[PDB]
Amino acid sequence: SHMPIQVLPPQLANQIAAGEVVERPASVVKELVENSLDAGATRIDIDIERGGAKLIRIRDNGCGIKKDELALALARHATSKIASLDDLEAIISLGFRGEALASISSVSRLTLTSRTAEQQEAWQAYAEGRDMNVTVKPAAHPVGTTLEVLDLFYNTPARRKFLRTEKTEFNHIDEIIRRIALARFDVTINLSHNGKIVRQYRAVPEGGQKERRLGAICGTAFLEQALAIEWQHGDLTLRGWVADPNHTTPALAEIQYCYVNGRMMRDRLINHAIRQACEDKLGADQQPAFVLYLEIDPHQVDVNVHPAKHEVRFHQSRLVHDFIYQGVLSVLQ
């Protein structure tokens, strides 16, 4: 009662939000790359310096951002991905909060450069001060977008403390890119660290062999034990690969990549079903190895549960669980 109820200064409000969506450099990468994907990008180039605490640069050949919308992209609660509750209940894009960029710009030096196919001119924008004022200026840039995030946490001392070693932080980034690359085989992704290319996943052409990228990402060992899954029932569909439990190793078990309508996701319900199918087939229970993709009617899954979309909730939980169980169990025999 001593302190009056008072609206929070813009920057601080954004920093509170950033603490919930941006835990480390890999988080910034996750959010920016998903934006590139939502933008229709086919090629995404990522440059990281000193694990990301120094610089994170992401360029894509997506549709770009119109000059008159640059500031809006840095504003709070502003998005082009949804505009109604109906849109929210039927999410068909990675983003929908209209918050990621504003959140990130409050805890770093973020620069947005972009040009659309209809523009001959490219522009650049960035926010500053307690009020997060945006300035827009001329720039050179092909069709698409570039995001530059520098000095992550330079203005938030306590959080910068949590940063691990350059190697460790980059490793999480590499793992994040790993998961994203497997979600979209039709997208080329290049990752560099301190001026050196660490990896490049070329997009898989039409009907091309997906095994190629799968093997390039998860390893030949997984590929040799990978059992293809094709299971469907109405809106529900399960695709991907599950390693034979009898030939799964602790190292392979490190591959437990799951997707729900293309979004990377770690769900206890799903993992339980998978493991149960393997347990009921194999002799004992263990950690399965898999890269699975669940496609389901957006109305049947709640994705508005975690600010970073790290969780989901299925309406017909028991049903979905049995679907995956049967699907996996089916292939194990």
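For every residue, the number given is its place in the sequence shown, counted from 1.
On average the C-alpha atoms of 313-321 have higher B-factors than those of the other stretch, with 313-321 and 10-18 being the two compared. For the segment pair 66-74 and 275-283, the entry gives 275-283 the higher mean B-factor, averaged over Cα atoms.
Going by the entry's values, 203 shows the largest Cα B-factor out of 150, 203, 173, 143. Within the listed group 115, 210, 109, 81, the record reports its top CA B-factor for 210.
Split the chain's modelled residues into thirds by C-alpha temperature factor. Residue 303 is in the lowest one. In this PDB entry, the Cα temperature factor of residue 47 sits in the middle third of its chain's modelled residues. In the deposited entry, the Cα temperature factor of residue 291 sits in the middle third of values across the chain's modelled residues.
Split the chain's modelled residues into thirds by C-alpha temperature factor. Residue 269 is in the highest one. Sort the chain's modelled residues by C-alpha temperature factor and residue 331 lands in the highest third, per the entry.
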